[PDB]
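One structure below.
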């Protein structure tokens with residue numbers, strides 16, 4: 051009844067070519083999420099008691 | 051000899067999507083019938099008693 055949430059990776063992760071004694075560079079990842087909820091379908095029908 | 055009656059459903063029943071606290075819709079069915087009776091084929095032929 052409360053619904054669900056879906057995770058998703060989205061990091062533009064990187065790497066670099068370097069020489070001997072060159073400074074090794076720094077990188078960072080990233081993530082997001084999205085949610086989904088149910089919905090109700092319903093109908094009524096009516097008659098005389100006869 | 052009296053023939054037959056054939057029933058047939060014809061109703062476009064319906065439902066709808068509703069939010070929390072929306073008030074439900076109302077719907078109705080439908081039906082029909084058809085009757086069928088026989089018919090007679092006949093013929094005569096005639097000859098001399100000779």
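Protein chains in written order, with the authors' numbering: chain Hc, 51 to 100; chain Hd, 51 to 100.
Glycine included, each C-beta is placed from N, C-alpha and C at the ideal position.
Option nearest residue i by Cα separation, candidates the options
i: residue 54/Hd; options: 75/Hd, 86/Hd and 91/Hd; result: 86/Hd
i: residue 64/Hc; options: 70/Hc, 97/Hc and 76/Hc; result: 76/Hc
i: residue 68/Hd; options: 91/Hc, 100/Hc and 73/Hc; result: 91/Hc
i: residue 83/Hc; options: 52/Hc, 51/Hc and 56/Hc; result: 56/Hc
i: residue 93/Hc; options: 58/Hd, 51/Hd, 73/Hd and 52/Hd; result: 73/Hd
i: residue 58/Hd; options: 80/Hd, 88/Hd and 52/Hd; result: 80/Hd
Beta-carbon proximity list for residue i, same chain, < 7 Å, skipping 5 on both sides
i: residue 66/Hc; result: 75
Residue i - containing beta strand (DSSP E), residue span
i: residue 55/Hc; result: 54–59
i: residue 96/Hc; result: First-last for residue 96/Hc: undefined, no H or E at that position.
i: residue 86/Hd; result: 81–86
Distance between residue j and residue i (C-alpha atoms, nearest Å)
i: residue 60/Hd; j: residue 78/Hd; result: 11 Å
i: residue 97/Hc; j: residue 71/Hd; result: 25 Å
i: residue 95/Hd; j: residue 100/Hc; result: 60 Å
i: residue 89/Hc; j: residue 88/Hd; result: 55 Å
Residues near residue i in its chain [Cβ-Cβ closer than 8 Å; skip 5 each side]
i: residue 62/Hd; result: 80
Own chain residues within Cβ distance below 6 Å of residue i, not counting five before or after
i: residue 52/Hd; result: none
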